[PDB]
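Notes follow once the structure below has been shown.
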Amino acid sequence: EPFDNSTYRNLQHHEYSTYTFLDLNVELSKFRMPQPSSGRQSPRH
Amino acid sequence: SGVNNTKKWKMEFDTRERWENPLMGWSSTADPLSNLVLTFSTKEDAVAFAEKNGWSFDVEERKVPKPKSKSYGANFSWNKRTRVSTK
């Protein structure tokens, strides 16, 4: 609660893994808007 | 991709027989006009020159590139096939 500029507060990334970012993306897919569409499926279509 | 040789009209004769020289294997000819190439500024000059010299001629129309619509921004199209997959 008091001023604590005598300690680091970014110790979470010490416990990150190989799949932390991609798991976060997976859990983020929940709340996104539907993507726009260019009509086709690929420029080669 | 240089266009500086496609600007003047040319007059060339029909190519005749070239055989092999028995001694050296060189290319022989009996056609005096095998190398004769005349240059003209317009088709009309060439046909006048051919007519006054009594040469039967066939003349073909000059073929120029048609104008083309080049757009660099098409390479990154949002919904067209003109988008490139590599650059």
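Atoms considered below: every heavy atom in the structure, side chains included; atoms not considered: hydrogens, waters and symmetry mates. First the proteins, then the strands, lettered A, B, ... as listed; each starts at 1.
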State yes or no: do B/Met11 and B/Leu36 share one hydrophobic cluster built from I, L, V, M, F, W and Y residues joined by side-chain heavy-atom distances below 4.5 Å, directly or via other members?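 Yes, it is one cluster - the side chains of B/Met11 and B/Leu36 are joined through contacts under 4.5 Å.
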Please tabulate, one pair per line, the donor and acceptor atoms of chain B and chain A that lie under 3.5 Å from each other, or say none if there are none.
unit_1  : atom_1 : unit_2  : atom_2 : d
A/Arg40 : NE     : B/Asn79 : O      : 2.9
A/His45 : O      : B/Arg81 : NH2    : 3.0

Can you tell me how far the CZ atom of A/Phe21 sits from the CG atom of A/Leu28, to the nearest 0.5 Å?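 If we round to the nearest 0.5 Å, A/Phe21:CZ and A/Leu28:CG are 8.5 Å apart.
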Within the supplied structure, the quantity of interest is the number of heavy atoms (other residues, nucleotides, ligands) at a distance under 6.0 Å from A/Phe31 CZ; does it exceed 12? yes
